[PDB]
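Listed here are the chains, written in short residue letters.
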Amino acid sequence: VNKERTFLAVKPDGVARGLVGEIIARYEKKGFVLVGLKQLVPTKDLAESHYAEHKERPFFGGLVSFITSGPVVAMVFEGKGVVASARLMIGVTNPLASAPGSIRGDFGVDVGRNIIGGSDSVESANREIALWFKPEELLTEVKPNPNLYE
Amino acid sequence: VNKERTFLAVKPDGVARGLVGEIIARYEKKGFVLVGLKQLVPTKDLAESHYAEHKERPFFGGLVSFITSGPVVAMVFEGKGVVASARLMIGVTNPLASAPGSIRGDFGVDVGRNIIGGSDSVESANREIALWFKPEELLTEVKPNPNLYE
Amino acid sequence: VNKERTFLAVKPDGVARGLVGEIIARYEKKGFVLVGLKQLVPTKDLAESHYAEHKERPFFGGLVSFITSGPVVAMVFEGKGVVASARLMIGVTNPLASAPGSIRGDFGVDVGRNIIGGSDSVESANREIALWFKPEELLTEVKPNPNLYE
Amino acid sequence: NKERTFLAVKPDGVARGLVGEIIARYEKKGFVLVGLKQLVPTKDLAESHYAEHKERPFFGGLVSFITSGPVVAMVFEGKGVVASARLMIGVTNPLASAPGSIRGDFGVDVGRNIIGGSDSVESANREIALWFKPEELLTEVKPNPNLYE
Amino acid sequence: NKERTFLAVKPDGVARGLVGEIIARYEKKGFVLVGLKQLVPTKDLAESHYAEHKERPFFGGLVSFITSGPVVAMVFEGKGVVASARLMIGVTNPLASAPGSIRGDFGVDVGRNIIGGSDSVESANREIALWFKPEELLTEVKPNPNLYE
Amino acid sequence: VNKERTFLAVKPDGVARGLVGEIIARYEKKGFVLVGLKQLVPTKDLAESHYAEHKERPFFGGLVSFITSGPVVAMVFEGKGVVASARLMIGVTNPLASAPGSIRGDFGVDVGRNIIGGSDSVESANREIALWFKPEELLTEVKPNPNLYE
Ligand SMILES: C[C@H](Cn1cnc2c(N)ncnc21)OCP(=O)(O)OP(=O)(O)OP(=O)(O)O
Ligand SMILES: C[C@H](Cn1cnc2c(N)ncnc21)OCP(=O)(O)OP(=O)(O)O
Ligand SMILES: C[C@H](Cn1cnc2c(N)ncnc21)OCP(=O)(O)OP(=O)(O)O
Ligand SMILES: C[C@H](Cn1cnc2c(N)ncnc21)OCP(=O)(O)OP(=O)(O)O
Ligand SMILES: C[C@H](Cn1cnc2c(N)ncnc21)OCP(=O)(O)OP(=O)(O)O
Ligand SMILES: C[C@H](Cn1cnc2c(N)ncnc21)OCP(=O)(O)OP(=O)(O)O
Ligand SMILES: [Mg+2]
Ligand SMILES: [Mg+2]
Ligand SMILES: [Mg+2]
Ligand SMILES: [Mg+2]
Ligand SMILES: [Mg+2]
Ligand SMILES: [Mg+2]
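Sequence-order numbering is used: residues on each chain count from 1 as written, possibly diverging from the entry numbering, and only residues with coordinates are shown. The lettering of chains begins at A and the numbering of ligands begins at 1, in the order of writing. Based on all heavy atoms of the structure, the side-chain values leave hydrogens and waters out of the count.

- This deposited entry lists X-ray crystallography as its structure determination method and 1.65 Å as its resolution.

Observations regarding the relation of the copies chain B and chain A
Relating one copy of the chain to the other takes a rotation about an axis and a shift parallel to that axis.
Here's step 1: Each copy is brought onto the others through a least-squares superposition of its C-alpha atoms. When chain B is fitted onto chain A, the two copies agree to an RMSD of 0.3 Å after a turn of 120 degrees and an axial shift of 0.1 Å. The operation mapping one copy onto its partner corresponds to a three-fold rotation axis. It is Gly101(B) whose C-alpha, among those of chain B, lies nearest the rotation axis, at 2.6 Å.
Here's step 2: In this description, contact between two residues means that some pair of their heavy atoms is separated by no more than 4.5 Å. By residue overlap, the copies meet through two different surfaces: only 11% of the interface positions of chain B are interface positions in chain A.

Description of the interface of chain B and chain A
Here's step 1: On the side of chain A, 19 residues touch chain B, which itself brings 19 residues to the contact.
Here's step 2: Buried area between chain B and chain A, both sides added, is near 1,500 Å², and the carbon and sulfur share of it is 55%.
Here's step 3: Salt bridges, as used here, are contacts in which a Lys or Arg side-chain nitrogen is within 4 Å of a carboxyl oxygen on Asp or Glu. Our count for the chain B to chain A interface comes out at two salt bridges.
Here's step 4: Among the ionic pairs, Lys80(A) bridges to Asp110(B), the shortest N-O distance being 2.8 Å.
Here's step 5: Of all elements in the fold, only α1 (12–16) and α6 (103–107) of chain B reach the threshold of two or more residues within the side of chain B that touches chain A.
Here's step 6: With four residues, the top contributor of residues to the side of chain B that touches chain A is α6(B).
Here's step 7: Residues are sorted three ways: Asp, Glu, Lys and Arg are charged, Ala, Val, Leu, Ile, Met, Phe, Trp, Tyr, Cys and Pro are nonpolar, and all the rest, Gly among them, are polar. Its residues assigned to classes, the side of chain B that touches chain A shows eight nonpolar, five polar and six charged. Put simply, buried area is how much 1.4 Å-probe accessible surface two parts lose in total, over both of them, once they are put together. Starting at the N terminus, helices and strands are each numbered in turn, a helix being any DSSP run of H or I of at least four residues and a strand any DSSP run of E of at least two.

Re the pattern of salt bridges
Here's step 1: With the rule as written, the count across this model stands at 39 salt bridges over all chains.
Here's step 2: Note that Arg113(B) and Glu150(A) form a salt bridge whose closest N and O atoms lie 4.0 Å from each other. With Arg113(B) in the loop between α6 and β4 (116–118) and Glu150(A) in the segment after α7 (122–132), the pair connects residues from two separate chains.
Here's step 3: Burial status follows relative accessibility: with a 1.4 Å probe on protein chains alone, a residue under 20% of its type maximum counts as buried, one over 50% as exposed, and anything between as partly exposed. According to the relative accessible area criterion, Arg113(B) is buried, its value standing at 11%.

Overview of the site of ligand 6
Residues and elements named next belong to chain F.
Here's step 1: The criterion for a residue being near a molecule or strand is simple. One of its heavy atoms has to lie within 4 Å of it. Lining the immediate surroundings of ligand 6 are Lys11, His54, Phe59, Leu63, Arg87, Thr93, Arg104, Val111, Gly112 and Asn114.
Here's step 2: Throughout this description, a polar contact denotes any pair of N or O atoms lying within 3.5 Å of each other; where both atoms belong to protein, one of them has to be capable of donating a hydrogen while the other can accept it, and for residues adjacent in sequence the pair is counted only when both atoms sit in side chains. Here an oxygen atom of ligand 6 sits 3.3 Å away from a polar atom, N or O, in the side chain of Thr93.
Here's step 3: Residue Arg104 places a side-chain N or O atom 2.8 Å away from an oxygen atom belonging to ligand 6.
Here's step 4: Surface accessibility follows the Shrake-Rupley procedure with a 1.4 Å probe radius. Residue values consider only the protein chains on display as shielding. Notes on ligand 6: free accessible area 520 Å², of which the protein chains cover 73%.

Quick look at the site of ligand 2
All names here are of chain A.
Here's step 1: Within the structure, ligand 2 sits among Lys11, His54, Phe59, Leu63, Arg87, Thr93, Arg104, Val111 and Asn114.
Here's step 2: Here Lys11 contributes a side-chain N or O atom positioned 2.9 Å from an oxygen atom of ligand 2.
Here's step 3: In this structure, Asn114 approaches ligand 2 through a side-chain N or O atom, which is 2.9 Å from an oxygen atom.
Here's step 4: Here ligand 2, which alone exposes 520 Å², has 71% of that area covered by the protein.
Here's step 5: Classifying every residue of the shell around ligand 2 gives three nonpolar, three polar and three charged.

A few points about the environment of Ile24(B)
Here's step 1: On the secondary structure map, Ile24(B) appears in helix α2 (residues 20–30).
Here's step 2: In this structure the C-alpha to C-alpha distance between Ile24(B) and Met75(B), which are 51 residues apart in sequence, comes to 8.8 Å.
Here's step 3: Among all residues touching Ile24(B), those that are not within four sequence positions of it are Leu37(B), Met75(B), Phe77(B), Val20(C), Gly21(C) and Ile24(C).

Overview of helix α4 (residues 60–67) of chain C
An α-helix turns once every 3.6 residues. As a result, residues three or four positions apart point the same way.
Here's step 1: Taken as a whole, α4(C) has its buried residues at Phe60(C), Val64(C), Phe66(C) and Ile67(C).
Here's step 2: Of the surrounding secondary structure, the elements contacted by the buried residues of α4(C) are α1 (12–16), α3 (44–50), β3 (72–78) and α7 (122–132) of chain C.

A few points about the pairing of β3(C)
Residues and elements named next belong to chain C.
Here's step 1: When you tally the buried positions in β3, you get seven out of seven residues, the bulk of the element.
Here's step 2: The alternating pattern of β3 places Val72, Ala74, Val76 and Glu78 and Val73, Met75 and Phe77 on opposite faces, both of which are buried.
Here's step 3: Two strands pair under a simple rule: DSSP has to find at least two bridges between them. By the bridge criterion, six bridges tie strand β1 (residues 5–10) to β3 in an arrangement that is antiparallel. Of the residues in β3, the one forming a bridge with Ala9 is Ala74.
Here's step 4: Both strand β2 (residues 33–40) and β3 contribute to a ladder of seven bridges, which runs antiparallel. Looking across to β3, one finds that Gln39 is bridged to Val73.

Encoded structure:
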């Protein structure tokens with residue numbers, strides 16, 4: 001449906017490099033609606049829950065340590081196929097292999113400093129949204145631009 | 001071969017969302033020359049002729065109704081391989097599947113509100129140009145830049 | 001009223017330099033609505049009528065010769081105080097004295113190649129619009145955008 | 001270098017998709033984002049924020065509009081950020097705002113002015129305390145040697 | 001239309017990745033690049049560059065900073081390019097520079113004001129001679145009919 | 001591996017069309033560090049050495065003649081995988097087949113006027129850097145943004 005939602009986190013590197021506005025603008029221009037937005041410094045608990053699927057992996061510690069190393073801009077966007085579209089707009093895991101035009105393709109070089117990370121699926125998105133945002137922090141009335149949907 | 005021409009129409013949704021300038025700029029930056037331009041509200045007969053290839057399709061009535069629902073900005077651009085190039089610059093049928101960097105990839109989310117449409121072939125381009133424009137509305141003297149062509 | 005209109009002409013230099021889209025986008029982003037648009041090569045009669053106030057000035061011939069020397073993109077924009085606003089967005093007569101941020105301030109260096117010219121008053125706008133466009137080429141209804149106007 | 005100001009992207013700015021454009025302008029300028037959140041203001045929050053205009057005829061409509069939809073509240077930090085942020089926005093009448101400024105580039109109606117910033121340090125501190133909780137604001141920052149001497 | 005000015009994107013401008021942004025602004029304006037190179041300025045070059053301030057206490061600071069890292073030196077040609085380039089940059093204090101100007105859009109501190117241009121034709125000729133060898137400057141340009149009448 | 005370097009040349013057409021800043025900005029935004037930069041008019045000897053691999057090609061003369069026909073902006077960028085990344089950011093040989101988002105995809109239409117050319121390998125990059133720049137023209141002290149590499 002056109003009410004699908006995804007969670008996007010502009011990580012510490014993205015925030016430190018002043019790419020917050022650039023990124024938000026790309027999603028606004030696309031037609032997706034911002035239903036949740038806030039800057040915070042993630043706690044270790046939040047970080048470990050966010051990357052829970054990788055808890056047994058060697059790089060787990062580094063992922064958690066980095067996303068908690070500084071301010072992060074957390075956001076939720078709503079729109080048709082937003083989860084898959086947001087991932088396409090970001091690029092692939094490795095910024096160097098991402099095509100120009102994509103966020104990582106235009107601004108990143110390292111996998112561990114890949115600027116932003118979005119939900120990999122609807123299931124993960126619903127899980128992440130509930131983890132990072134309280135219900136009261138999410139819009140309940142969403143009406144995009146009627147020129148966007150048939 | 002550098003005199004090839006194609007027909008492009010910023011549809012009602014593209015105009016309503018204020019994307020006319022953005023789109024024209026992309027083609028200008030590319031090196032293509034504007035040889036025809038005008039804003040108009042398509043009539044039903046023009047729309048039905050324009051979309052004649054889908055006259056039997058179930059979504060035909062919808063295509064016609066929408067393209068005639070508001071102002072459209074019709075354009076004709078000239079340049080080497082402009083027909084196929086213009087299509088590549090627009091993206092693919094489904095905006096959600098279009099790569100970032102393309103017009104639809106950057107601004108669209110629904111197939112029925114795909115922002116802009118270009119001729120799919122030289123054959124179609126010549127037909128569409130004659131259908132939407134009068135001879136006197138098209139430049140006869142062009143010759144772009146020596147910086148663009150060998 | 002919110003239905004005030006002004007006439008803007010991207011002159012041959014602006015068109016040749018590929019600034020048409022850039023210019024249209026600036027006015028679209030501002031909130032003004034395009035109600036008339038077309039590219040044409042002005043006739044001497046049209047040019048002389050357009051610059052009638054300067055009929056007895058030494059530079060009259062030059063203004064006329066230049067605006068008819070190549071394609072021009074004529075447009076009409078509608079919105080509250082659009083006449084004075086469009087002039088402000090363009091800059092002052094001399095591009096070198098125009099502040100960065102304005103069209104001439106950002107793109108021009110010569111008075112005779114000042115890219116674009118807008119109506120200097122509501123009276124001139126109405127005169128110019130009727131001169132460059134036929135009634136059938138102008139949108140009749142626009143309906144105020146709730147996000148732009150009270 | 002620790003001065004802070006409160007900026008609110010109004011419902012019209014949010015609805016027109018100008019949030020990113022605006023944040024980018026302040027990031028590019030060199031100011032640091034120390035507070036950020038989207039919310040739909042309540043009547044009380046709106047009236048307190050715009051208390052200085054409470055006696056004016058348009059106050060009712062002003063309050064009704066800012067509470068009509070989502071607003072993106074922000075706090076930016078940097079030397080002279082209060083006056084600088086105002087200069088970047090333009091003047092009260094968007095039509096009189098010079099191109100290059102936010103209102104100059106995007107607005108046409110005084111009642112749909114896109115964004116509003118604190119007019120003084122005193123007002124900024126009041127507004128910041130009104131819209132944000134202490135824990136929602138950064139306490140770090142770390143001076144950037146490329147921005148300040 | 002042969003007038004020329006010297007522009008130096010200082011270490012802060014280079015470190016902040018604004019070299020392309022700045023060059024693009026002058027290219028779009030219609031001015032022609034007739035000299036360009038990145039270098040790390042030496043003390044003797046810097047002291048001559050800021051000679052008008054040699055008796056002032058901040059002379060040492062201006063010299064130390066412009067020689068602290070990579071600088072992109074450029075020479076642009078065009079009608080009234082000296083005064084125009086200054087207007088495009090803004091005023092000495094970036095906080096007081098209007099949005100739309102380089103310093104107005106990107107700077108916050110006087111000592112980190114990103115770029116500096118010649119203040120007069122006399123200074124431009126003097127500075128161009130100090131920073132560039134004749135062989136590093138274009139001799140063939142040819143006025144663009146779309147920019148000049 | 002983060003010290004890898006590549007040679008990029010904005011050819012006469014790219015310079016003449018005013019794309020130098022646009023191009024440099026793209027590489028700056030990506031995170032790569034500018035370690036060498038200068039505008040010059042290549043000599044025949046430099047050109048023939050640069051295109052040595054095509055000495056027996058029928059188009060060799062044309063490549064040499066064009067790159068020496070006007071000012072060129074030569075540059076060297078440093079960063080992880082910069083050689084392959086720079087090529088990807090430029091696009092493919094034929095600008096018409098280059099994807100929107102890439103330099104050639106956004107600005108070119110002719111193979112012979114492809115705007116910019118980058119080293120095709122580390123081997124070629126080191127050869128080209130030594131050919132176009134003296135060691136003293138290249139930075140030895142490099143400090144990329146601290147948020148770019150893990
Ligand atoms: C009152 C002002 C703009 N405004 C908003 N609505 C109106 C209206 N109907 N008539 C006149 N002015 C109006 O918005 C408040 P604000 O949003 O704070 O903008 P400002 O730039 O801070 O302006 P001020 O210093 O006066 O607070
Ligand atoms: C696990 C993934 C990539 N990754 C990030 N760091 C590492 C590492 N050290 N080893 C292997 N993989 C690594 O990072 C999480 P993420 O940055 O979210 O990438 P995604 O957007 O999910 O593709
Ligand atoms: C038939 C085509 C896309 N299309 C494909 N299927 C549909 C549908 N169900 N509703 C609306 N449009 C649809 O629309 C005409 P067009 O707008 O020209 O798109 P194109 O550039 O040709 O891909
Ligand atoms: C008369 C004015 C400027 N002008 C343009 N060319 C000349 C010239 N040769 N001598 C003196 N003035 C000149 O041009 C008309 P215009 O380009 O419309 O400027 P405006 O937007 O009306 O300020
Ligand atoms: C002297 C001027 C500003 N300035 C720069 N640093 C200082 C300082 N510490 N005290 C007083 N003035 C200072 O810097 C030279 P510049 O950066 O070239 O400014 P300009 O573009 O010439 O206006
Ligand atoms: C041989 C290749 C493209 N080319 C292919 N054929 C030609 C031709 N006839 N004229 C000019 N260039 C031609 O040009 C070298 P280059 O411009 O470096 O492209 P590259 O980035 O190496 O792919
Ligand atoms: Mg992930
Ligand atoms: Mg079609
Ligand atoms: Mg005039
Ligand atoms: Mg106020
Ligand atoms: Mg100075
Ligand atoms: Mg090559």
